[PDB]
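Quick setup: one chain, the form deposited in one PDB entry, written in structure tokens, and binding and motion questions come after.
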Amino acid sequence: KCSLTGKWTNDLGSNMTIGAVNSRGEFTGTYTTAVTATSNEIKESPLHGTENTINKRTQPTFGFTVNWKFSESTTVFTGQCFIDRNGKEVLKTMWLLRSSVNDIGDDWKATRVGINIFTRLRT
């Protein structure tokens, strides 16, 4: 039921468009983040994901990576596609944002965490 394929929106108002999945559960798409942590003109950026195939079909877990075209960072999302009842799909995801640092010494503070809620876009 729960199909990643399509267009979704967030609670911060971010939007994401996701291609078609495969036998291997692969997919690609694009991301437009509403917010940034960098002082630097936001752009549409790419994602590469995967969606689990094993028997838990109905509501699968998944995860993608986003390659900021406008910053030196990377973000990764992972979560589950749910169907409340209505037949309303919801992505419940949690993500990790890695920033660039110049010496391993700094590594310690390069990782931020948090959530995101996605539901789909009309029309």
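For every residue, the number given is its place in the sequence shown, counted from 1. Definition used throughout: the rigid core is the maximal C-alpha set that superposes within 1.5 Å between two forms.
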property	result
Stretch exceeding the other in mean C-alpha B-factor - 48-56, 76-84	48-56
Of 94-102 and 57-65, the one with larger mean CA B-factor	57-65
Ranked C-alpha temperature factor of residue 36 among modelled chain residues, by third	highest
Chain third (lowest, middle, highest) by recorded CA B-factor, residue given as residue 23	highest
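There is another form of this protein, the form deposited in another entry, and it is not shown here; the text below is about that form.
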item	value
Sole member of 52, 40, 59, 74 with a C-alpha shift of at least 2 Å between the shown form and the other one (core-superposed)	40
Closer or farther in the other entry: C-alpha pair residue 38, residue 90 (3 angstroms or more)	closer
Cα-Cα shift for residue 14 and residue 38, closer or farther in the other entry, minimum 3 Å	closer
